[PDB]
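Worksheet for the structure shown next.
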Amino acid sequence: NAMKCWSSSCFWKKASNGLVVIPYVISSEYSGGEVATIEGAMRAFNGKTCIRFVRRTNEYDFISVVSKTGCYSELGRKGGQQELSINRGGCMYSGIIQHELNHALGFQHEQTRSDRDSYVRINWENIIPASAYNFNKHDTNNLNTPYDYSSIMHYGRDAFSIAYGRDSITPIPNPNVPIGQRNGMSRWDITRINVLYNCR
Ligand SMILES: [Zn+2]
């Protein structure tokens, strides 16, 4: 589910000591408690990856965390100031923040993987038309990892559903497999970070 870019000007820089140090600033709009929630979510990367989110000093490439419309991030390192939105009303949860930070690392939604049609059916007629593009298949760098229903990057079955009970995504051949967890990073989520950023 990683974006395909050969240059890695596209990705965060790895230091000679192996750490991928990603500078950030958090909008003054957030209270101290909200800052702590964001930084808490960032710590989830420390135990099992070489990713380190650190407060910016004066680095050129950095993440600016802002409370805008919904929860979103740019994909990968964009160069200079790049925004990541954690709306104060709907996004201040560890798993959601981790999901967004994974976008910033270069990871896309699980259901858009190039191999997705072997694991899910997209029920187009059930999807809010303006939001259907979120379900488009992409030419992803899958990093020799398999499709993971339990990925923090997988949409829930009712994501952008027009009406209750008519799901946007149905897992196949077993429709009962859970999708859409936002508790924490899956084994494959962690493995993918480590493969992409060559963490040792
Ligand atoms: Zn997302």
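Quick note: numbers on chain A are straight from Swiss-Prot, i.e. 71-270, in order.
Method reported for this entry: X-ray crystallography, 1.3 Å.
Each Cβ is built from the backbone N, Cα and C atoms, and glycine gets one as well.
Sequence annotations record features per position, and here Swiss-Prot assigns active site to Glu170 based on sequence analysis. The Zn(2+) binding site annotation in Swiss-Prot covers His169, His173, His179 and rests on sequence analysis. Annotation source Swiss-Prot lists disulfide bond at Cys75-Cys80, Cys120-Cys269, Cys141-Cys161, citing sequence analysis. Residues or ranges marked as domain 'Peptidase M12A' by Swiss-Prot on the basis of sequence analysis: 71-270.
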Nonlocal neighbours by CB distance (under 8 Å) for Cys120 (disulfide bond), same chain, sequence gap 6 or more: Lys84, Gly88, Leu89, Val90, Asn264, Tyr267, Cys269, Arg270
Spatial separation of the residue listed as 'active site' from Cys80 (disulfide bond) - C-alpha basis, Å: 17
Cα-nearest neighbour of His179 (Zn(2+) binding site) within the listed recorded positions, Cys75, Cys141, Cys161, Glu170: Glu170
Tertiary neighbours of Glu170 (active site) (same chain, Cβ under 8 Å, six or more apart): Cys141, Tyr142, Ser143, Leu154, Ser155, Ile156, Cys161
Cβ neighbours of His179 (Zn(2+) binding site) where a neighbour is any other Cβ within 10 Å: 21
Shell list (Zn(2+); ref centroid = CB of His169, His173, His179; cutoff 8 A): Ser143, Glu170, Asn172, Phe177, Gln178, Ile222, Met223
Those residues of the chain, 6+ apart, with a Cβ under 8 Å from that of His169 (Zn(2+) binding site): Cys141, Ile222, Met223, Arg252
Secondary structure at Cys120 (disulfide bond), reduced by DSSP to three states: coil
Fewest other Cβ within 10 angstroms of its own Cβ, chosen from the disulfide-bonded residues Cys75, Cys141, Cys269: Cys75
For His173 (Zn(2+) binding site): intrachain residues, at least 6 apart, with Cβ closer than 8 Å: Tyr142, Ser143, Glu144, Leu145, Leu154
Around the Cβ of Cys161 (disulfide bond), the count of other Cβ atoms that are within 10 Å: 20
Three-class DSSP secondary structure - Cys75 (disulfide bond): coil
